[PDB]
Structures are given as C-alpha cells and as structure tokens.
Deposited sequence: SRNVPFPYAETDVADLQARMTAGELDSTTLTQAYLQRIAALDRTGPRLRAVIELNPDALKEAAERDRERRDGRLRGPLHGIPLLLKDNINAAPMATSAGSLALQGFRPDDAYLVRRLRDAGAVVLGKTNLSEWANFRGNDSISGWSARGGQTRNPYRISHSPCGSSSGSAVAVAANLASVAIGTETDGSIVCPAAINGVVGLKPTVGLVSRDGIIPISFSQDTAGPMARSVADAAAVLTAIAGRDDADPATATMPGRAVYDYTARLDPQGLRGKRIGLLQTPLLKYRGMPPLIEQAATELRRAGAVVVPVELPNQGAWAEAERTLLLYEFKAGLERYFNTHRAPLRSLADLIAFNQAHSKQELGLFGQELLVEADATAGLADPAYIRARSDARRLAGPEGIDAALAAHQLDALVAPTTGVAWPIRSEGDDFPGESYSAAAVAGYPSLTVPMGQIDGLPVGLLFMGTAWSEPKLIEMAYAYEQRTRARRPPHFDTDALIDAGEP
C-alpha cells in the first residue's frame, strides 16, 4: 500500500516539518509509482513528460528546509501540470507533435508555485489542443501523449480536457495537479475520476503562459483528492499579473488564505438551489443526489429545487466566441513565446503533412473553422461574446441565485465514464464556464464502480464561500474511494 496514498498536503507538510519525511523521498516515491502505473502496468498514460530536474528541485527544497528557509505550506510538495501550461525545462505541447521540441519559460502561475516551494514532477496529458481541434474528438487523446485511461476502469474514458491531471491525482501519482478549463475541462474530468476540481472566476488566476482557447472563459485551476488540498493550491496560484488584464478586474484582491475557509460548519445558514435537469434522473443518480441533498440539509443548509434561467441558451454564442478567440489567442501565444509555429494556418498545414500521426482518429475541423474567422472587431463576435456572458451570468446563474436568495447552485456534475472506443443531457457546469464564474466538484459516490461528483456553482469571486460549503459537505460524507488496480 502506497505510504502516501490519500494523504493531504497539510499532512505531508506536517510530516516533512517533523523530520519524518523529506521532499526527495516523497518525489522519488511518486516517480516510482508513475513508472509502475502510468508507463507500465495498467498504462494510465496520465504523464506526458517527466521533469528532468524534479529530483534536483526536491533536493534543493530539502537543503532549504535544513537551513531553516521554508517557503510556505507547499514547500517540497510534488505536483503535476497540464501540458498546455508553460514550464521549463520541459516542452509545452498541448499534446501536439508540432510542439514536441518547444520549451518556453515558466508561466506566471508556475513561477508562483515554484516560489512557494512546490516541486514540478512533470506535465500531464490532455485532449489535444485542450479539445479544440476537431469534431467527434476522443477525450484524453493526443498524438504526443497517446490515450489517457480512467484508473477506475482502464477501458473507460478519463474525460477531458484535463485528463492526465485528474487521473494522476486519483491514482496518487502526485500530491496535487493543475488543470485548465474553457468549458468543463476541469470539473468534468475531476468528477469522472473521483477527485476535487475547482475552476475559479476568470481573472483570479493568471492565464499568462498557457496555450489558450478563450480569454473570456479560460482559467487554470487546482485538481486534488480533497477540498483542503485544492484550497492550498488556489492560495498559491491566485494573484494579479500585469500580463493578464483579466486579473486586474478582481475587486478587493488581497493575500487571501483559502485554507482559512475550511470550515466544517460552512453550510450552516446557507441557502442552496438544486438544479432541476434530466441529469437528476440519470441511471443510478437519484439515490446519490437525494442523499447529497439530505447531507446538505443536515449540515444546516436550506436546499430548494430551482431551474437555471436561460439554460443552454448561450450555446451558439459560445461556439462563435470560442472560434474567434482561439485564432486570436493562439496566434498571440505563438508570437509571444516564439513558437516554431507562427499561425493557425501553419498548424493546420502541419497536421495535414503528418496526417498519419495526427488525423487518424478524427479531424481538425475546429482549427479550420477558427482560421476562417475575420477577427475580434467583427460585430458578430462582439455580440456573441456579450450575449453568452449575459445569458450565463447576470441572466443565468445570478438570476437563479437572486430569485431564492441563494449562496450557490448544486447539481450532479455529469454522468459516469464511458468506454473509450465508443453528451450526457442535463449538465449545468457550462453556465459557470461561460459566465466566467467559479465552480467546484466534490466526489459524492459511485454508480457501478464509477465516480460521480456534486457540482457547486456561485457568482463571481465567491470562491471563499464555495470552498466553505464544499468542505463542509465533504467532511460529513468523505465519499471518495481510490481506484483499485489489478496488480
């Protein structure tokens, strides 16, 4: 039994601080487990590239500790980063063969994690280009990283686009991980793999140094086995960055310790709206969501059934804004970091030239459609961006919260994992993604051995409250169960 399995960040830190564990031991333990479960054995393929300097980093953190120069709660803690996040000296490929030799400098959030003392173990696989490449795509697949597998049943999907990060955390391949979300890419794979996933308000965490899709919806976020671990990571990565204008829009930003919000009485006096959608009747779901509602009520919260105004009405507008922002953002990123590719057209041409390795399972229709967009000055785009944001936020999530004076909206995150070699109606997480509002999924059980999560959504900047509520729910349920491997 892995000696660090299911061990929280605070506990690992306590052990190292007591001199019973050091970063190099913990780091090498994870690396050995990665070799045994990710590269061989069940071949989870959650890790696309190891950091050659992982041991060096861990050893330096230990020397600093012995010298009495601690950096904080994450000192010596090993973590993994989705492969669309820049982090030297590894490549940042977004899973594409086109960027296999592209090794840009650290993204802002990575600089923050390293300054906090975290050890970067490596990069995790993701649906190629964060699943914004083609139609009928396969979640968790990329040309460079292959197919990531769900550890609860390796024949099934890990979902995406933060596939490797969710799987790695669920399989105890690292303490915590960082993923990114445009629309469902953090909370969906987190729920599908039985872990906690938190997508913050757009602007809380800098997007600088991340291969993008949408500046309107994109955001990095923590993935962990517990809410406390996710809160510790958020505390380290949140912050204003001059390179990302969205971070300047945050009201009253301060050096906030989100772990202070880990209140076991966090649901007392709260009001929650249980979203009514067909997902509540998903096979095997009724008992789980009913039990969750009961736990929330017993914890002191009022739970009332509500419908999200404009549910899905933003679909068309969102599709439009993503196409326009993807071309603009990707080309800006290529230029800023001097990538070997200079345009979206170059990428499209590359995949065609390497069709055997890149276009064998599905195409690149989204890249093609995005390349044909006029630009950000197009009236149609401006209208779409405005409509999507309005429908999902002010007239969506906010309208529901105001109608019953609620603190949050909850619902099952999604259905269960499906066979890889083969969209669940009623999902609600798109509202938070499109509104740029915070969402957080917590394990709430399983159906036929496959994890199911409980989703929490709130208005902009409500992370402190969402964490309090999610933690309170988690502490009285402790529903997560680790995956069982054959050998």
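Residues of the deposited sequence lacking C-alpha coordinates, counted from 1, fall in the stretches 1 to 4, 427 to 429, 495 to 503.
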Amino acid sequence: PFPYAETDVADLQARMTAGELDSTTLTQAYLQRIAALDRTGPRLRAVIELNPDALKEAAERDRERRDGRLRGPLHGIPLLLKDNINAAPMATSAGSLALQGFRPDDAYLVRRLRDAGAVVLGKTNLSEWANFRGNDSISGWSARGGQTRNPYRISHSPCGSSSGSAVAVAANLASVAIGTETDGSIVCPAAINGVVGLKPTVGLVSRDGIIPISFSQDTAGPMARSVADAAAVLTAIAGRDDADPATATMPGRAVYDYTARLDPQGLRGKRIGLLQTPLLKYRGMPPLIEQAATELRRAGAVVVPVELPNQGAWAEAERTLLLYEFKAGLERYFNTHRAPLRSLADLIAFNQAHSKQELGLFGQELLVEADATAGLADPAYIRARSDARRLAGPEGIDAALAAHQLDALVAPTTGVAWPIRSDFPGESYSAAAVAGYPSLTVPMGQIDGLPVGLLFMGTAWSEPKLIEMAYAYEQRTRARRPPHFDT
From here on, numbers count along this sequence of modelled residues.
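Here the stretch with the larger average CA B-factor, out of 294 to 302 and 201 to 209, is 294 to 302. Mean CA B-factor, 225 to 233 versus 242 to 250: the higher value falls on 242 to 250. Highest CA B-factor among the listed residues (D106, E307, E325, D183): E307. Of the candidates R112, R149, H75, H354, the one whose C-alpha carries the top B factor in the deposited record is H354.
Among all modelled residues in this chain, the alpha-carbon of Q217 has a temperature factor (C-alpha) in the lowest third. In the PDB entry, a CA B factor belonging to the middle third of its chain's modelled residues is recorded for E369. Ranked against the other modelled residues of its chain, the C-alpha B-factor of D378 as given in the entry falls in the highest third. Placement of the Cα temperature factor of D407 within the chain: middle third of the modelled residues, per the deposited record. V434: CA B factor in the lowest third of modelled residues in this chain (values from the PDB entry).
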